[PDB]
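The next block holds one structure in the form of structure tokens; read it before the comments.
Number of protein chains: 2
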Amino acid sequence: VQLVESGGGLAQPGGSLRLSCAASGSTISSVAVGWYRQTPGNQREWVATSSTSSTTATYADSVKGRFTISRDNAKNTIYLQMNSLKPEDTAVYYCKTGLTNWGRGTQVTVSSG
Amino acid sequence: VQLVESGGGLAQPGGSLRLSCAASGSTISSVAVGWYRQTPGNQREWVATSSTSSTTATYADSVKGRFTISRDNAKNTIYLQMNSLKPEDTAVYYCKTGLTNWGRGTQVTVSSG
Numbered sequence: 004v005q006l007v008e009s010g011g012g013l014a015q016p017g018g019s020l021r022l023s024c025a026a027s028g029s030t031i032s033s034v035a036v037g038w039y040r041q042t043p044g045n046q047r048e049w050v051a052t053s054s055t056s057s058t059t060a061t062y063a064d065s066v067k068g069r070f071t072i073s074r075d076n077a078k079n080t081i082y083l084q085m086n087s088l089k090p091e092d093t094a095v096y097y098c099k100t101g102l103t104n105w106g107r108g109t110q111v112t113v114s115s116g
Numbered sequence: 004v005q006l007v008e009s010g011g012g013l014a015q016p017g018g019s020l021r022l023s024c025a026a027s028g029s030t031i032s033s034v035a036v037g038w039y040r041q042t043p044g045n046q047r048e049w050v051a052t053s054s055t056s057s058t059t060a061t062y063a064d065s066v067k068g069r070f071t072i073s074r075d076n077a078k079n080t081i082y083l084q085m086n087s088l089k090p091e092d093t094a095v096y097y098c099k100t101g102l103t104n105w106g107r108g109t110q111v112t113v114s115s116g
């Protein structure tokens, strides 16, 4: 089971972006998948964890009410919907489970230009 | 402020569908938006309510862990992501706030063919 991030890009403050975490090798319908983020020279952080059958999704304090994790089982993909973007959301975003690599991640840049 | 539903269609059991609720006339970034559903000759039901700034999203018992509401503020749109579809999810789905009409709704058909 491997996970590939995409969908990151440039946004303005207040903007929206949806990140994708595409699974291969197995199905992620039943497993908790985490989103994490990091800026160079700073600590990696937890962002959110998807629901399971026995658990609801959870979110880091700084993103509560702004981000939403969702799944598309048919596409074997986990999303991170981002809204109300802030310059401090600028980071490389990674999806992972305890059994996967961190991955290449996807870069998000929230900028005034 | 008016809301238009789309994205409904045919799915197999276990399938996935994402419904869209597109707003016009105003922005829905700060307001709670509900999803509801109904089959002909049966009672309309509540399905889920979106988050606000002071409230987390909530879900009806029969859809918990299977559906997820999310927003795209840039598109002024609310989604209902559906997974693990069941024949009983067959219904016309409506989005609404206390200040809108029910709308034309969008039909979802979960079928064996």
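Chains as they are written, first to last, in the deposited numbering: chain A, 4 to 116; chain A', 4 to 116. A prime marks a further copy of an entry chain. Where is the CB? At the ideal position from N, CA and C, for every residue including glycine.
The beta strand (DSSP E) enclosing residue i, as first and last residue numbers
| i | result |
| --- | --- |
| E48 (chain A') | 48–52 |
| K99 (chain A) | 94–99 |
| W38 (chain A') | 37–41 |
| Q110 (chain A) | 109–113 |
| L6 (chain A) | 5–9 |
| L22 (chain A) | 20–27 |
Close beta carbons around residue i, own chain, < 8 Å, minus the five adjacent residues each side
| i | result |
| --- | --- |
| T30 (chain A) | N76, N79 |
| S56 (chain A) | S33 |
Contacts around residue i, its chain only, beta-carbon distance under 6 Å, and the 5 residues preceding and following it disregarded
| i | result |
| --- | --- |
| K99 (chain A') | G37, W105 |
| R74 (chain A') | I81 |
| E48 (chain A) | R40 |
| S9 (chain A) | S23, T109 |
| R69 (chain A) | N86, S87 |
| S54 (chain A) | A60 |
| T42 (chain A') | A94 |
Nonlocal neighbours in the same chain, by C-beta distance under 7 Å from residue i, ignoring five residues either side
| i | result |
| --- | --- |
| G17 (chain A) | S87, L88 |
| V4 (chain A) | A26, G28, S29, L102, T103 |
| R107 (chain A') | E8 |
| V66 (chain A') | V50, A51 |
Exposure label - residue i; buried when at least 16 CB within 10 Å
| i | result |
| --- | --- |
| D64 (chain A') | exposed |
| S33 (chain A') | exposed |
Cβ separation of residue i and residue j, assumed to be a contact under 8 Å, to the nearest whole Å
| i | j | result |
| --- | --- | --- |
| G11 (chain A) | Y96 (chain A) | 6 Å |
| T71 (chain A') | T93 (chain A') | Not quite, the Cβ-Cβ distance comes to about 19 Å (not below 8 Å), so this is no contact. |
| residue 117 (chain A) | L13 (chain A) | Limits of chain A in this structure are 4 at one end and 116 at the other, which puts residue 117 (chain A) out of reach. |
| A51 (chain A') | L83 (chain A') | 7 Å |
Checklist entry - What are the start and end residues of each continuous alpha helix (DSSP H) run of 4 or more residues lying completely inside the stretch 49–89 of chain A', in chain order? => result none
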